[PDB]
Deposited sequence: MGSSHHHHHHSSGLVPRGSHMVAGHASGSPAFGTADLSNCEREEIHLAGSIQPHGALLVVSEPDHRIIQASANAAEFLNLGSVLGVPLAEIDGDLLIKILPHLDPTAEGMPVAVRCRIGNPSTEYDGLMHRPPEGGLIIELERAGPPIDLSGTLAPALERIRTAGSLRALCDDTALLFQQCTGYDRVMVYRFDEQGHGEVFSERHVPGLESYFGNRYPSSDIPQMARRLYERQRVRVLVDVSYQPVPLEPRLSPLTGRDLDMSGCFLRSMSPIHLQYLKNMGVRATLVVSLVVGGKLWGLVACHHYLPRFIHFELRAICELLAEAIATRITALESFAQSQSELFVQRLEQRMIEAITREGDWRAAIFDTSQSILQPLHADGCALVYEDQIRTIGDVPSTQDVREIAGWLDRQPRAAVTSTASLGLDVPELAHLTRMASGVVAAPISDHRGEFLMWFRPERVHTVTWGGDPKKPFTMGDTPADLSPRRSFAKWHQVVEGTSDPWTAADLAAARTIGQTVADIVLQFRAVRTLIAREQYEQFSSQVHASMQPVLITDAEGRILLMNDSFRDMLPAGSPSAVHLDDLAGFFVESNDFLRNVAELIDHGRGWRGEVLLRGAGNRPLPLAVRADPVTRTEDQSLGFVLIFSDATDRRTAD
């Protein structure tokens, strides 16, 4: 079901049991020693020759001329914190030093790996100053560039590259140093699947991975199976683990002969590698390996710092945006002038290329954006089914295929609403990121770069959880201040209605203000009181028809006003007693809403006594 270790082609190389290769590389020996017994129950086949011993398989370390058992025994104790642990020990008829690495796999026993010791170290600082250059690295690029130059120096490898992984798992050759006379892969990219997950877990677990020679003949582990009725020993943590041929082939295809890959984990997750490649075999001494791990933890630390600092910039942004909306505007009344840069680009916190804002059926944009009709259709998508509070896609085209056409400038969009309205939000865009089965023999970096391109088809850079979080706090700041702003503006409008309104009420003349359909909204006293005081109660300009010399001249004039929107200027009589009482002047006018439908009408009278002059 899952390919045996050195037995898989590309249709299944992802699932390779790379942890259960029953063999090792020949620059060290491997011993698996039993619990209590402390009796070699399983050993690499080069053990005797390599360690200059005779009988090994089935011999307690108590024997094995030397000093191994005594040099490892402190670490098998309640006292210590377990292992992995490295020892320095002597082994032989006459004796030789070795650097031992022992760790316990889940069942199996102790695995002890031995390599031949190297000369001393001194340097001496080298660590101190390099290490503070990591700390001072002004920026992710300045850092990496320096990590690469720095490792190139520390380990004389022909080339070193630091890769960065994206949320997708795809790699990018983020920096690179290489001696003259070689290709340069600086800038390359490669599919997430070029480094299978199981590998990656190991890259997290043990932070250094050495291939001394691409053509090594793997020395098989002996009594292959575990005799503690286990089976294929779990080499998850064996420094001397054989490598998958798939990768071995890759490396031959590149011309590379040796490898040293020290991983970078940042926030407990695997951020990328520092891959040192040599075009002649090569081997770094355990001590120099220790140094490397330190750099990887130092480098990482800065990487975490630099992230944090970015979060700093963003936090500040939203702050200065909130302050900017309250101040800059809303005191100059309304808040949109703050949204756009002029100086503080709302683009940076998402590292987007354009931004659009749709509010009260109006769009304004900054940067590379699609087209108002396009921006509308996206708006449609977001609205057609709830959810909310920040939404994204890095492949709009392939997420809703009718929209595809807008892939060159908005493969990726992030949209955060600013009110519970619908059709009201802030949305950011990114271009198609692409502006920057076979067999085991066909693999290469140019074959990997293309293919990366095949995947990543209609996609933008993905939205980093950092990005999305910025989208959340901005949209959330914006809405909060926009909602307080709308509540307050209601209150002011209330005060402005009341008032204005009173002024009409204070008029000695009769006025009636009505709405577009003709129903009375306001009727001051002056008017009310002239209706021979004593019922009925008018809801519509029609209802008033009777109080004026009966007249369907009022209806009809009112008709003109309601239907047709044209006002009038004439007189009306008004009924009461002897010689049909006093006549008032009237003058109704519409108040425009848009142009085709009105808002309402105001009919003020009045000049009781026939006097504009007249004529």
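- No C-alpha positions are given in the record for the deposited-sequence stretches 1 to 27, 464 to 476.
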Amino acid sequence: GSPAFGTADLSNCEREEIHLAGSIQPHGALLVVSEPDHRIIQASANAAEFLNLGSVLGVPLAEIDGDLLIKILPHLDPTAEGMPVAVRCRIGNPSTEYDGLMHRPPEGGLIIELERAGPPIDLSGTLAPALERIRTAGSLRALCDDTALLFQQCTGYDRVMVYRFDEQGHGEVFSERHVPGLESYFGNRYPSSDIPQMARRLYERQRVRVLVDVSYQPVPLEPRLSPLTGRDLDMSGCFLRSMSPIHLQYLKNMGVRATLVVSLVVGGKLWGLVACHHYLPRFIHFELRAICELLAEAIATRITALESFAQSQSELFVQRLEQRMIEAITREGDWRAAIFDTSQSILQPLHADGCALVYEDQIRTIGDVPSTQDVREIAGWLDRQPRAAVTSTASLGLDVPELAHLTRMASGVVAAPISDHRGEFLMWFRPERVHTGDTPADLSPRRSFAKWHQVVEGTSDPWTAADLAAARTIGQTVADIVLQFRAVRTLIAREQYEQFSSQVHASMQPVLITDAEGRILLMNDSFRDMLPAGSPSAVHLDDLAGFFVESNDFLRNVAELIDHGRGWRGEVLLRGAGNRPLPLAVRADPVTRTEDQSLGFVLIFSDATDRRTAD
From here on, numbers count along this sequence of modelled residues.
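- Between the stretches 267 to 275 and 79 to 87, it is 79 to 87 that shows the larger average CA temperature factor.
- For the pair 149 to 157 and 379 to 387, the mean B factor over Cα atoms is greater in 379 to 387.
- The residue among 322, 515, 99, 122 whose C-alpha carries the highest B-factor in the deposited model is 122.
- Looking at 538, 471, 140, 369, the one whose CA carries the top B-factor in the deposited record is 538.
- When the modelled residues of the chain are ordered by their C-alpha B factor, residue 42 lands in the middle third.
- In the PDB entry, a CA B factor belonging to the middle third of its chain's modelled residues is recorded for residue 213.
- In the PDB entry, residue 171 places in the lowest third of its chain by CA B-factor.
- In the deposited entry, the Cα temperature factor of residue 442 sits in the top third of values across the chain's modelled residues.
- Residue 546: CA B factor lies in the highest third for its chain, per the PDB record.
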